[PDB]
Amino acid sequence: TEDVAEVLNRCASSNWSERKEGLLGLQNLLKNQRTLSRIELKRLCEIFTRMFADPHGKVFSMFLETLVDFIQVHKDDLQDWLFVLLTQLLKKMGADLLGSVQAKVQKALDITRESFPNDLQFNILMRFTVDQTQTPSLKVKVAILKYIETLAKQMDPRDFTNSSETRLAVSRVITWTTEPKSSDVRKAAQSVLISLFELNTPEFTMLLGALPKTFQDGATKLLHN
């Protein structure tokens, strides 16, 4: 009930009932601020990575709820796991889950967004936007874009720089702004381009300048006024 190794064992169980009991134990450990060692935290991150694909609905919803406490308690020590946390949550957010479950993903995303350095979050988001080892659905794109937009409202101007990756990401967004299959992508992409422009105008102007006449003018029609 209070042993860390055993709680993590129950979370890693192939049996759903045991995973449920483990998450209850883990939640208790977090509420009681029972601290984890470094290798315990590493093991828990590995368990949670797999939990993103948990086939049992109750276990998965309980996992999403536990994430809030987990992130809040261990955010200082979770920077190396941030890529996995954020990208997996955005995939879940774009998977068209039931309303009640989407709320829990959104909540976990909101907690993430306020718990980690902005530049680090932003850099993960730029790489994820271009990520070539996968092909995002329309709803995954929406979720990525909405998150960018919200992150842009809390960022420092110098968190956004004219680099190759950020240039490669903004290019993709430009075209997604003309997206015929989804009005939601359209509005989300525009808001992203708008927010990044208003965040750091000069650095965004430099970005546009280093793009072909297609992306440059396409964005120009939007950014006026």
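Just count from 1 along the sequence shown to find any residue number.
Query raised in the report: For the stretches 11-19 and 213-221, which has the higher mean C-alpha B-factor as given in the deposited record?
Result: Between 11-19 and 213-221, it is 213-221.
Requested in this report: State which stretch shows the higher mean Cα B factor in the entry: 163-171 or 44-52.
Outcome: On average, C-alpha B-factors are higher across 163-171.
Query - Highest-ranked of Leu26, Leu199, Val68, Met62 once sorted by CA temperature factor in the record - result: Of the candidates given, the C-alpha B-factor peaks at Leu199.
Report task. Please rank the C-alpha B-factors of the chain's modelled residues and tell me whether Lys31 sits in the lowest, middle or highest third. Result -> Middle third by C-alpha B-factor.
Query raised in the report: What third of its chain's C-alpha B-factors does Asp76 belong to: lowest, middle or highest?
Result: Middle third by C-alpha B-factor.
Query - Record-listed C-alpha B factor of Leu138: chain third - result: Within its chain, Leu138 is a middle-third residue by C-alpha B-factor, going by the deposited values.
**Report entry** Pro180 - Cα temperature factor, lowest/middle/highest third of chain
**Finding:** Within its chain, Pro180 is a highest-third residue by C-alpha B-factor, going by the deposited values.
Report task. Select lowest, middle or highest to describe the third in which the CA B-factor of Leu89 falls within its chain in this entry. Result -> For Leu89, the deposited C-alpha B-factor lands in the lowest third.
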